[PDB]
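Form deposited without its partner chain, single chain, as structure tokens, below.
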């Protein structure tokens, strides 16, 4: 999992994923559900080696969370070729797995 820290480093890793799906975990260290799903998000990134996993810590990078309109954590946003295709909020491991498999 790549940690994302600015509006430009976000702009950039999207440009770079090529065709791969990109999943973005918006998390906080003080958020119980974010902490719970953190190592699961990491473990998925060991598995879906053809999917790009990024994390935005909303305290570290509030301007990125603000651009992304993220105020509840954890929120997962999904991007394909530069574009946001879907999102959801909550530490829902089944939904996370299912969505990764759904999105083309």
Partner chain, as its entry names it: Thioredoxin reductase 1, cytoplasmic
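Residue numbers count along the first chain shown, from 1.
If you look for the form solved in complex with its partner chain, you will not find it shown, but the lines that follow are about it.
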{"property": "Any non-hydrogen atom of residue 42 within 4.5 angstroms of its partner chain in the bound PDB entry", "result": "no"}
{"property": "Residue contact check: residue 54 to its partner chain in the bound PDB entry, 4.5 Å heavy atom", "result": "no"}
{"property": "Partner proximity in the bound PDB entry: residue 71 to its partner chain, non-hydrogen atom cutoff 4.5 Å", "result": "yes"}
{"property": "Contact test in the bound PDB entry: residue 59 vs its partner chain, heavy atoms, 4.5 Å", "result": "yes"}
{"property": "Stretch 14 to 49: residues contacting its partner chain in the bound PDB entry, 4.5 Å heavy atom cut-off", "result": "29, 30, 31, 32, 33, 35"}
